[PDB]
Amino acid sequence: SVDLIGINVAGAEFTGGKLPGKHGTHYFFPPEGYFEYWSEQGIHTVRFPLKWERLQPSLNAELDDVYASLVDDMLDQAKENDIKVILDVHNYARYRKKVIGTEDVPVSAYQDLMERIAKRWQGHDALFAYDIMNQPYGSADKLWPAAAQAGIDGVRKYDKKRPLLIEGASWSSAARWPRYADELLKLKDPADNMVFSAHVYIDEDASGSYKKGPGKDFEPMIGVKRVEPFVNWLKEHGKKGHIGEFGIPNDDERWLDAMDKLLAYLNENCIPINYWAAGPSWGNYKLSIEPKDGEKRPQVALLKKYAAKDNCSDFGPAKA
């Protein structure tokens, strides 16, 4: 099923400079009982960041036993709690800081990673989709379309059915999406099951850092206005879409109003969202919606309201 409302569950990609790092010290997978809470809240789709260097510390090599087994366990817990999982290679189109498509990181090495991910997990019922790369940006933008094709070809060697979530250049910006997405139109999927996934934050610079408050002339429609270029591109080209990241602070009604207006527009166009972020080890991080004693999470009420209004059977927007 295609749920319009989902959440990022972040933690396995934390402390990216510590490689391999130690589970429970530098990075964190869901503990036992984690998925039960979100399932009870009516949230059944999760986007799950993974760090490429931890899954595959040598290019072209077998996946790391320890880290890949933690993914096995998390997928098992998801299935036990009726959670659908989008695996996210959360790597900015880079491996050990080098862009996919340079001599350091050939596209064939990225294809190898995606083959191994699909080979290991295509048989797992909790796996819903592959978000093949988080936020290409900067020096990776030009080479990203060719890298995306290699990642698509990699998954399709072993999984010929599941959707592939294809992000865009410039941090997968929804607001700037049509400026760069021309070369994504040339991507070819033999299974014809690609879904484009953009990101949107509503601080001034759209980084999602929220260094300041809303500001005097804050526009409540800012979220809608920043996803319109993306949704209109989908309609113009007959494509399907998705929003892989959006989040807001908990400390101003203006943020919540903009979130409500955004969710209404996504609902009208059958565009799913993955809120950023839940996760087992966020502490007092400003964008965390994980429960924490004494910290309010008004964003969750909005996600629940729109989960009850989900009447879509597929990724939109519908061609009508």
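Counting from 1, the numbers follow the sequence of the chain as shown. For the numbers below, each heavy atom of this structure counts, side chains included, while hydrogens, waters and symmetry mates do not.
The closest donor-acceptor contact from the side chain of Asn267 to the backbone of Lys309 lies under 3.5 Å. Side chain of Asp217 to main chain of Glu219: no donor-acceptor pair is present (N/O by atom type, distance under 3.5 Å, no hydrogens or angles). The main-chain N or O of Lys157 is never found under 3.5 Å from a side-chain atom of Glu115 such that the two would form a donor-acceptor pair. Side-chain atoms of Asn269 never come within 3.5 Å of backbone atoms of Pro317 as a donor-acceptor pair (strictly under, hydrogens ignored). Judged by distance alone, the side chain of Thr45 and the main-chain N or O of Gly6 form no donor-acceptor pair under 3.5 Å. A donor-acceptor contact shorter than 3.5 Å links the side chain of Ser173 to the backbone of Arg176. In this structure, the side chain of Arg54 does not engage the main chain of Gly21 through any donor-acceptor pair within 3.5 Å. Under a 3.5 Å cut-off, the side chain of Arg297 and the backbone N or O of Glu290 do form a donor-acceptor pair. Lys286 places a side-chain N or O within 3.5 Å of a backbone atom of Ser209 that can act as its donor or acceptor partner.
Using cut-offs of 30° and 60° for the angle between ring planes, the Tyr67 and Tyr27 rings count as perpendicular.
For the residue pair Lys188/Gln149, the side-chain donor-acceptor check at 3.5 Å is not satisfied. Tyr95 and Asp104 share no side-chain donor-acceptor pair at under 3.5 Å. Looking only at atom types and distance, the side chain of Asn91 has no donor-acceptor partner in the side chain of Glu13 under 3.5 Å away. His242 and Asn274 form a side-chain donor-acceptor contact under 3.5 Å, judged by distance and modelled atom types alone. Using a 3.5 Å distance cut-off with no hydrogens or angles, the side chains of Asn81 and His44 do not pair a donor with an acceptor.
Within a 6.0 Å sphere centred on CD of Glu236, heavy atoms belonging to other residues, nucleotides or ligands number more than 12. Atom NZ of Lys119 has 12 or fewer heavy atoms from other residues, nucleotides or ligands within 6.0 Å. For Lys79, the NZ atom is loosely surrounded, since the number of other residues' heavy atoms within 6.0 Å does not exceed 12. Residue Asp205 places its CG atom among more than 12 non-hydrogen atoms of other residues, nucleotides or ligands, all under 6.0 Å distant.
Atom CG in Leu50 sits 11.0 Å away from atom CG in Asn134 (nearest 0.5 Å). Distance check, rounded to the nearest 0.5 Å: CG of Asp72 to CG of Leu63 gives 9.5 Å. Taking OG from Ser197 and CZ from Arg47, the interatomic distance works out to 6.5 Å, rounded to the nearest 0.5 Å. For the atom pair CH2 of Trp276 and NE2 of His199, the computed distance is 9.0 Å after rounding to the nearest 0.5 Å. A distance of 4.5 Å separates CD1 of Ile152 from CG of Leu187, quoted to the nearest 0.5 Å. In this structure, CH2 on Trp177 lies 7.5 Å from CD on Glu167, to the nearest 0.5 angstrom.
Linking ILVMFWY residues whenever their side-chain heavy atoms come closer than 4.5 Å, directly or via other members, leaves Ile117 and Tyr158 in distinct clusters. By the criterion of side-chain heavy atoms lying less than 4.5 angstrom apart, applied directly or through intervening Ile, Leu, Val, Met, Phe, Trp or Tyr residues, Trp171 is not grouped with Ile202; the two fall into different hydrophobic clusters. Cluster annotation: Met133 is connected to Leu185 through the hydrophobic network of ILVMFWY side chains, with a link wherever side-chain heavy atoms come within less than 4.5 Å. When hydrophobic clusters are built by joining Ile, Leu, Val, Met, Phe, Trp and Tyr residues whose side-chain heavy atoms come closer than 4.5 Å, directly or via intermediates, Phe14 is grouped together with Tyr285. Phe28 and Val9 end up in the same hydrophobic cluster when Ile, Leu, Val, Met, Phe, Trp and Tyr side chains are linked at under 4.5 Å.
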Report the C-alpha separation of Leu4 and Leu266 in whole Å, then their side-chain angles, then the decisive distance to 0.1 Å, and conclude whether the side chain to side chain contact (heavy atoms under 4.5 Å, CB included) test is met. CA-CA 8 Å; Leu4 288 185; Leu266 299 182; over 6 Å; no
Side chain to side chain contact (heavy atoms under 4.5 Å, CB included) between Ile83 and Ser39: does it pass, once the steps are laid out? CA-CA 7 Å; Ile83 298 293; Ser39 184; 4.2 Å; yes
Under the side chain to side chain contact (heavy atoms under 4.5 Å, CB included) criterion, do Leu87 and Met74 qualify, and how do the steps go? CA-CA 11 Å; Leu87 291 177; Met74 168 279 291; 4.0 Å; yes
Side chain to side chain contact (heavy atoms under 4.5 Å, CB included), that's the test. Do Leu143 and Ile100 meet it? Break it down for me. CA-CA 7 Å; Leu143 290 167; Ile100 304 166; over 6 Å; no
Applying salt bridge (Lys or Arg N to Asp or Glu O under 4.0 Å), run through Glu53 and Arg96 and close with a yes or a no. CA-CA 7 Å; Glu53 294 88 352; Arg96 299 187 186 274; over 6 Å; no
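Aromatic ring centres of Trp255 and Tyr210: separated by under 6.0 Å. Less than 6.0 angstrom separates the ring centroid of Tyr92 from the ring centroid of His90. Ring pair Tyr130/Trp121: centre-to-centre distance not below 6.0 Å.
At a threshold of 4.5 Å between non-hydrogen side-chain atoms, the residues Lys161 and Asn193 do not count as touching. No side-chain heavy atom of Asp3 sits less than 4.5 Å from a side-chain heavy atom of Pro272. Counting heavy atoms from C-beta on, the side chains of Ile132 and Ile166 come closer than 4.5 Å. Side chains of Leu19 and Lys51 form a contact here, defined as non-hydrogen atoms less than 4.5 Å apart. You'll find the side chain of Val89 reaches within 4.5 Å of the side chain of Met114, heavy atoms only. Between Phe246 and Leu262 the shortest side-chain heavy-atom distance falls below 4.5 Å. Taking 4.5 Å as the limit, every side-chain heavy atom of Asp64 sits out of range of all side-chain heavy atoms of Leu55. Taking 4.5 Å as the limit, some side-chain heavy atom of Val105 sits within range of a side-chain heavy atom of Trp52.
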Quiz: residues 221-234 side-chain donor-acceptor pairs under 3.5 angstrom, not counting sequence neighbours:
{"unit_1": "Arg226", "atom_1": "NH1", "unit_2": "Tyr201", "atom_2": "O", "d": "2.8"}
{"unit_1": "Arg226", "atom_1": "NH1", "unit_2": "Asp203", "atom_2": "O", "d": "2.8"}
{"unit_1": "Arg226", "atom_1": "NH2", "unit_2": "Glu204", "atom_2": "O", "d": "3.0"}
{"unit_1": "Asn232", "atom_1": "ND2", "unit_2": "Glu228", "atom_2": "O", "d": "3.3"}

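Under a 4.0 Å N-O distance rule, the pair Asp260/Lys305 qualifies as a salt bridge.
Residues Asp159 and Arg156 approach most closely at O-NH1, 2.9 Å, considering heavy atoms. The two residues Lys292 and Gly283 make their nearest non-hydrogen contact at CD-O, 3.3 Å. When all heavy atoms are compared, the tightest approach of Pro31 to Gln77 is O-NE2, 3.1 Å. Of all heavy-atom pairs between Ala169 and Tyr180, the closest is CB-CB, 4.0 Å. Annotation for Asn60 and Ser108: closest pair OD1-O, 4.1 Å, computed over non-hydrogen atoms. Taking each heavy atom of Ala10 and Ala277 in turn, the nearest pair found is CB-CB, 4.4 Å.
Of the listed residues (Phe48, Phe35, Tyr34), just one forms a ring pair (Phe, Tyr, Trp, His ring centres under 6.0 Å) with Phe29, and that residue is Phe48.
Applying the 4.5 Å side-chain rule to ILVMFWY residues, one finds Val2, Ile86, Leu165, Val195, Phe315 in the same cluster as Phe128.
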